[PDB]
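Undergrad: Below are the structure tokens for one structure; questions will follow.
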Ligand SMILES: Cc1cn([C@@H]2O[C@H](COP(=O)(O)O)[C@@H](O)[C@H]2O)c(=O)[nH]c1=O
Ligand SMILES: Cc1cn([C@@H]2O[C@H](COP(=O)(O)O)[C@@H](O)[C@H]2O)c(=O)[nH]c1=O
């Protein structure tokens, strides 16, 4: 029983953040997350504004913005609200709960104040999620757990991936899904977001491996494609994003019937 | 069979950063790394100045500083040079090489400009090291790989730990050791730093587990203890740091003979 994004948004155990995401994916016909790996706030905001209508999510690495300020993130929130997409900071929290709680709430980035979604590696055990969730629950935030990775030599396989799935299931009041290369949970309440995506076959020179939208959404059963250089390196980033959106969207439609 | 810190600093394959660290550990009779998990730059610099004589290393989480600026790291360097300790930013790089390279050099933190040491998780595969190396080698830096973690439910065990050791030994131009709970490499050129250390048994309420300096250095074979709250929460932080220094140092001496 493969359900549309809109119906999954109505599932009994759905987290509010995931429901909001799934509703806008259905409304806008996009399951594309732009990975805005840029070093200038001006470029980040110009990309968010021009590509907002094409994306369900904008993934940030605020630690590579040379001119980060909280005012930049306020402007980004305004665009996310205007164009209707979630903001996902790819922070990869990956330490004991006492530390990650401080990294999520505090410091100069104050990630919890502007990020709808964050992610975490599961290697430290569930305390990483327990620490994050203390901050995220009053703020109605959600978290994605990295169950699989797209890079060569990834150790996020086998029992490690199963441990991520179990951890997500155990913390479903905060964890809304996974970073993975394929469907890893059979529960339709969880989102699957897949990086390592490009239209053409290949990789990079530092261990990144790419698969196509049709492969990851259609055959591997993921929900959302995360695309950075496949868009950001094009001259016309809008046309590139539209190519990726149509690819991922039609791949999703094909598995409904 | 076991070599003093001073003799390890002279080994043919020793990395310069490890050598520099080992030499100052011997000179100052300290194998204590202070974990300065604080929210204010003022507190970071006051602790570095007051406790610098007692430590071989100061471990930072710059992303928890509410008022981070590069001028704070310039002042920290001056203290590190004066008191002779290394600066270890506990960044936990943990993604594909192309991303971590930018995170290490760029953004607001400019970590490579001031951190003698950083660490990385090995879950992405060796690309995480290859990316960091492109920034750290020109800047004469070292990196620690997280082979084991101190937290309940850690997945950094078994084959994962072995994969970390192999990764380190194959990138010895840049990787100088590990975050681990024990000796994980038999090569004396590599340093073992162990967090989760307190004098008394216990843990915290978010999955941290503690072992004593004598257990970690003496029976488990590690080189350096990383201590945060055990010192920072003490009324007399200098006396606490001295207690941890003497404990770890004597356990190291005992192991030698
Ligand atoms: C957890 C995870 C994250 N990213 C992130 O996804 C984006 C992929 O970008 P690109 O499409 O340019 O390779 C980058 O921001 C990267 O750090 C991956 O590529 N793979 C992963 O397994
Ligand atoms: C990789 C790793 C890091 N830290 C860090 O070591 C310090 C431990 O501090 P405390 O002594 O306050 O528990 C913290 O900064 C924490 O994030 C651990 O505790 N355990 C780990 O496995």
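Protein chains in written order, with the authors' numbering: chain B, 223 to 479; chain A, 223 to 479. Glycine is no exception: its CB is placed at the ideal position from the N, C-alpha and C atoms.
1. Can you check whether the C-beta of residue 412 of chain B is within less than 8 Å of a C-beta belonging to chain A?
2. For residue 356 of chain A and residue 259 of chain B, what's the separation of their Cα atoms in angstroms?
3. Of all the residues that make up the segment 411–434 of chain A, which are near chain B by a beta-carbon distance shorter than 7 Å?
4. Does the pairing of the segment 385–394 of chain B with the segment 316–326 of chain A give three or more beta-carbon distances under 8 Å?
5. Are residue 451 of chain A and residue 276 of chain A close, meaning C-beta to C-beta below 8 Å?
6. From residue 431 of chain B to residue 419 of chain B, what does the alpha carbon distance come to, in whole angstroms?
7. Measuring CB atoms only, is the segment 332–348 of chain B touching the segment 360–371 of chain B, in the sense that at least three cross pairs come out at less than 8 Å?
8. Taking just the CA atoms, how far does residue 313 of chain B sit from residue 462 of chain B?
9. Got a sec: which bits of the segment 325–351 of chain A sit with their beta carbon under 7 Å from any beta carbon on chain B, in order along the chain?
10. Should residue 434 of chain A be listed as close to ligand 2, given that the test is whether its C-beta is under 7 Å from any heavy atom?
11. Using beta carbons (cut-off 8 Å, strictly below), is residue 321 of chain A in contact with chain B?
12. For my contact list, residue 460 of chain A and residue 273 of chain A are in at a C-beta cut-off of 8 Å; report their separation, rounded to the angstrom.
13. Report buried or exposed for residue 224 of chain A, applying the criterion of at least 16 other Cβ atoms within 10 angstroms of its Cβ.
14. Starting from the C-beta of residue 334 of chain B, find all residues in its chain whose C-beta is less than 7 Å away, skip the five residues before and the five after it, and write them out in chain order.
15. Secondary structure at residue 464 of chain B, three-state DSSP: helix, strand or coil?
16. Report, in whole angstroms, the separation of the C-beta atoms of residue 436 of chain B and residue 386 of chain B, which I expect to be a contact under 8 Å.
17. Could you tell me if residue 306 of chain B is buried or exposed, where buried requires 16 or more neighbouring beta carbons within 10 angstroms of its beta carbon?
18. Excluding the 5 residues flanking residue 241 of chain A on each side, which residues of the same chain have their C-beta closer than 7 Å to its C-beta?
19. Helix, strand or coil for residue 342 of chain B? Go by DSSP, reduced to three states.
20. Quick one: list the residues of chain B neighbouring residue 310 of chain A, beta-carbon separation under 7 Å, in chain order.
21. Measure the CB-CB distance between residue 476 of chain A and residue 443 of chain A and report whether it falls below 8 Å.
22. Here's a check: name, in chain order, each residue in its chain whose Cβ is nearer than 8 Å to the Cβ of residue 376 of chain B, leaving out the five neighbours to either side.
23. What does residue 316 of chain A touch in chain B if you count any residue whose Cβ is under 8 Å from its own?
24. Can you grab the Cα-Cα spacing for the pair residue 390 of chain A / residue 350 of chain A, in whole Å?
25. I'd like the list of long-range same chain contacts for residue 239 of chain A, defined as Cβ closer than 8 Å, with 5 residues on each side in sequence excluded.
26. Should residue 374 of chain B be flagged as near chain A, meaning a C-beta pair shorter than 8 Å?
27. For a test of your reading of the model: does the CB of residue 346 of chain B fall under 7 Å from any non-hydrogen atom of ligand 1? Yes or no.
28. Determine the chain B residues that contact residue 290 of chain A at a beta-carbon separation under 8 Å, and present them in chain order.
29. Within 7 Å: the Cβ of residue 371 of chain A and any heavy atom of ligand 2?
30. Closest by CA to residue 445 of chain B, which one among B:251, B:295, B:282?
31. With distances taken between CB atoms, is the gap from residue 292 of chain B to residue 267 of chain B smaller than 8 Å?
32. Strictly below 9 Å CB to CB, what residues from chain B border residue 259 of chain A?
33. Determine, for residue 279 of chain B, whether the minimum Cβ-Cβ distance to residues of chain A falls below 8 Å.
34. At a CB-CB cut-off below 8 Å, which residues of chain A make contact with residue 223 of chain B?
35. Taking the alpha-carbon of residue 438 of chain B as reference, which of B:285, B:415, B:311, B:454 has the nearest alpha-carbon?
TA: In terms of the structure at hand:
1. As a working note, residue 412 of chain B is residue 190 in the first chain. For residue 412 of chain B, not one C-beta of chain A is nearer than 8 Å to its own C-beta.
2. Looking up residue 356 of chain A in the second chain gives position 134. Looking up residue 259 of chain B in the first chain gives position 37. Residue 356 of chain A and residue 259 of chain B: Cα-Cα distance of roughly 18 Å.
3. Hits within the stretch, in order: 426, 428, 429, 430.
4. no
5. Along the second chain, one-based indexing puts residue 451 of chain A at 229. Along the second chain, one-based indexing puts residue 276 of chain A at 54. Taking 8 Å as the cut-off, the beta carbon of residue 451 of chain A is found no closer than this to the beta carbon of residue 276 of chain A.
6. Locating residue 431 of chain B in the first chain gives position 209, where the first residue counts as 1. Locating residue 419 of chain B in the first chain gives position 197, where the first residue counts as 1. Going by the C-alpha atoms only, they are around 8 Å apart.
7. yes
8. Numbered from its first residue, the first chain carries residue 462 of chain B at position 240. Numbered from its first residue, the first chain carries residue 313 of chain B at position 91. The straight-line gap from Cα to Cα measures roughly 25 Å.
9. Hits within the stretch, in order: 325, 328, 329, 330, 331, 343, 344, 345, 346, 347, 348, 349.
10. Position 212 of the second chain, counted from the start, is the residue given in the question as residue 434 of chain A. Result no, Cβ not under 7 Å from ligand 2.
11. Reading the second chain from its first residue, position 99 is the one you call residue 321 of chain A. Yes, its Cβ sits closer than 8 Å to a Cβ of chain B.
12. Here residue 460 of chain A refers to the residue found at position 238 of the second chain. Here residue 273 of chain A refers to the residue found at position 51 of the second chain. The pair is a contact, with the Cβ atoms about 7 Å apart (cut-off 8 Å).
13. Taking the second chain and counting its residues from 1, one reaches residue 224 of chain A at position 2. By the 10 Å Cβ count, residue 224 of chain A comes out exposed.
14. Position 112 of the first chain, counted from the start, is the residue given in the question as residue 334 of chain B. Cβ neighbours of residue 334 of chain B beyond the five flanking positions: 326, 327, 357, 358, 361, 363.
15. As a working mapping, residue 464 of chain B is identified with position 242 in the first chain. Helix.
16. Your numbering for residue 436 of chain B matches position 214 in the first chain. Your numbering for residue 386 of chain B matches position 164 in the first chain. In fact, because the Cβ distance is near 25 Å, the residues do not count as touching under 8 Å.
17. Here residue 306 of chain B is taken as the residue at index 84 of the first chain, counted from 1. By the neighbour-count rule (16 or more Cβ atoms within 10 Å), residue 306 of chain B is buried.
18. As a first step, residue 241 of chain A is located in the second chain; it is residue number 19 there, counting from the start. Counting only Cβ-Cβ distances below 7 Å, and skipping sequence neighbours, we find 231.
19. What you label residue 342 of chain B is simply residue 120 of the first chain in a count that begins at 1. DSSP places residue 342 of chain B in strand when its eight states are reduced to three.
20. Residue mapping note: residue 310 of chain A aligns to position 88 of the second chain, counting from 1. Those within 7 Å of residue 310 of chain A in chain B number zero; the least Cβ separation is about 14 Å.
21. The count along the second chain starts at 1 and reaches residue 476 of chain A at position 254. The count along the second chain starts at 1 and reaches residue 443 of chain A at position 221. No, Cβ-Cβ distance for residue 476 of chain A and residue 443 of chain A is not below 8 Å.
22. As a working mapping, residue 376 of chain B is identified with position 154 in the first chain. So the qualifying residues of the chain are 370.
23. Counting from 1 along the second chain, the entry for residue 316 of chain A is found at position 94. Simply 314, 316, 343.
24. Taking the second chain and counting its residues from 1, the one referred to as residue 390 of chain A is at position 168. Taking the second chain and counting its residues from 1, the one referred to as residue 350 of chain A is at position 128. Straight-line Cα distance between these residues: approximately 11 Å.
25. Translated into positions along the second chain, residue 239 of chain A becomes position 17. Non-local C-beta neighbours of residue 239 of chain A in its own chain, meaning closer than 8 Å and more than five positions away in sequence, comprise 308, 338, 339, 362, 363, 364, 398, ordered along the chain.
26. Translated into the one-based positions of the first chain, residue 374 of chain B becomes position 152. Residue 374 of chain B counts as touching chain A.
27. Taking the first residue of the first chain as 1, we reach residue 346 of chain B at position 124. Flag unset: Cβ of residue 346 of chain B not near ligand 1.
28. The residue you call residue 290 of chain A lines up with position 68 of the second chain. By Cβ distance, chain B contributes 329, 330.
29. Here residue 371 of chain A corresponds to residue number 149 of the second chain, with the count starting at 1. Checking every heavy atom of ligand 2 against the Cβ of residue 371 of chain A, one is found closer than 7 Å.
30. Along the first chain, read from residue 1 onward, the residue named residue 445 of chain B stands at position 223. The closest CA to that of residue 445 of chain B, considering only B:251, B:295, B:282, is found on B:251.
31. To locate residue 292 of chain B, count along the first chain from 1; it is residue 70. To locate residue 267 of chain B, count along the first chain from 1; it is residue 45. No. Outside cutoff.
32. On the second chain, residue 259 of chain A is found 37 positions in, with the first residue counted as 1. What residue 259 of chain A touches in chain B: 320, 321, 324.
33. If you number the first chain from 1, residue 279 of chain B lands on position 57. No, no contact with chain A.
34. One-based indexing of the first chain puts residue 223 of chain B at position 1. For residue 223 of chain B, there are no neighbours in chain A by C-beta distance under 8 Å, as the nearest C-beta there is about 32 Å away.
35. Your numbering for residue 438 of chain B matches position 216 in the first chain. Checked all of B:285, B:415, B:311, B:454; the closest Cα to residue 438 of chain B is B:415.
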